[PDB]
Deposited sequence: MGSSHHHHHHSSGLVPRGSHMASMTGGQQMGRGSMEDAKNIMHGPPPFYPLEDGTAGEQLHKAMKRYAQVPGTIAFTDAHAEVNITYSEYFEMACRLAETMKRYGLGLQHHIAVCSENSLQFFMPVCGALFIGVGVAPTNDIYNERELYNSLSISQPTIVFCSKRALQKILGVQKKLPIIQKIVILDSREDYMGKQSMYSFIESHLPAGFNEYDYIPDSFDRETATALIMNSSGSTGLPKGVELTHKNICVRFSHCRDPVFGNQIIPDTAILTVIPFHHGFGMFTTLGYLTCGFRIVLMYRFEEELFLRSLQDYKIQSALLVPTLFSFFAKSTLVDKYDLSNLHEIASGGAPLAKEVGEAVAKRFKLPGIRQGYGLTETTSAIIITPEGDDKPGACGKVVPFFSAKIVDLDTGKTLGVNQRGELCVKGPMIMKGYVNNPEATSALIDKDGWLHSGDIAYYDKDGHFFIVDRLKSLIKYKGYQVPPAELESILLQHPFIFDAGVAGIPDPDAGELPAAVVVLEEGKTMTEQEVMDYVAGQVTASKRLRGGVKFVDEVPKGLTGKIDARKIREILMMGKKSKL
């Protein structure tokens, strides 16, 4: 009883409504302030405002509604990180259509398996990803429609977003009149992520709880205007999807790169006055080697995070030293937990620790051959319970039961311990 660690109350009370309603409300606010940048392409230098994004998200939402999609349908987004990636994501969330972010680097065999699990009716893909999508469509009849993301005109006989929108939208559609669908957030499929890989069913409730964390001044980022983040995390990764979505609710500027480059990354950090940089685990190792860092003005940079990805103590300290920072904004989480359920609290950084338990969550350490709850400073298997835990693996209840027990505890498999202050450490 005294050995179960619980997250504190959330700074703000949990917001009502679905993930789509919650996202629509925020984006609508930032839409009405002209020039508020949602996304920036570091390669192309193109900026897209929240007003452009809100309009496109609302238009795609209604278009998919009139096309015939509802709660029983899914869509796939298969692209490299781009300005248009989140347009179908936001649009589908508004109407309760489950989104399946699909790895654009997948081979034909892996792509089939992923799409086979999520069974999408419409696939939104980039020009680069089209050839593989056409191949898999021949094997999967469920895919009835392919829409091109990064094209203004029609591409290879396939409709662009704009042309697809025109085919279904009423003559005088007003995005500020648009109202997102209301449904049971506890059960409704929001996203289907890939963890032979499995499909992870994440509910609207799952994302609603993440939306609480990301706007939390302790466990996320405080909503301060003119705040920009640079992310090189693939948007189909859990750590890339649920950080970026959260940044949209905060009204932040999200600077992106479809490909990593050392100089472009560091110049983007400097010129866009980035306050938060997000790396994948192996890019942390890269920047421990990088020496160019000193040549750039990174005085605006406040933190470096992964989004909950595993990071070794020594590598974390070396990166922090390069960027002249006290430490890394660490986190622990799995795809099956939506996002990070153990996060470094703002300013409360501790060497080695991956943070404290997030609001609404509980964490315990157990014996590996008993399941007995262990105490402070004692090493064992890390188990978590909270409303961000997935609904289950898609069409695989046996793998779900092996991971999540009847009390709602998820068994991560990782060895951990917590100290007397509540900080967790991955061994």
{"property": "Deposited-sequence segments unaccounted for in the coordinates", "result": "1-37, 233-237, 470-581"}
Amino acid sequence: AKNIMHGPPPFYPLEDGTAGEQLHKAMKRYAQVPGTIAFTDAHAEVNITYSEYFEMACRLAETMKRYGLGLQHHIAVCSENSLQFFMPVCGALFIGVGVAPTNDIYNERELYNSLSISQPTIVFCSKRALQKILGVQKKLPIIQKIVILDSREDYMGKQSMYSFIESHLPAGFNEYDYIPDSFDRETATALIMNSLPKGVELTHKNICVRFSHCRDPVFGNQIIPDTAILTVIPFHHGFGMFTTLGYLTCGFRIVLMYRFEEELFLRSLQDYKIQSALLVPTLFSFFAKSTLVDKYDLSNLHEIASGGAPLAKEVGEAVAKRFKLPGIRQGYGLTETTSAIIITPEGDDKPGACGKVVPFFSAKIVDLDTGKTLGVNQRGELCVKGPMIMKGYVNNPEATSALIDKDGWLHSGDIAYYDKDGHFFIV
From here on, numbers count along this sequence of modelled residues.
property	result
Stretch exceeding the other in mean C-alpha B-factor - 343-351, 253-261	343-351
Segment of higher mean CA temperature factor, 165-173 or 228-236	165-173
Most elevated Cα B-factor in the entry, residues 40, 51, 63, 396	396
Maximum C-alpha temperature factor, selected from 83, 92, 245, 193	193
Within-chain third of residue 185 by Cα B-factor, per the entry	middle
Ranked against its chain, the third holding the CA B-factor of residue 371	highest
Third of chain Cα B-factors occupied by residue 272	lowest
Chain-wide C-alpha B factor ranking for residue 102, given as lowest, middle or highest third	lowest
For residue 412, the third of its chain into which the C-alpha B factor falls	highest
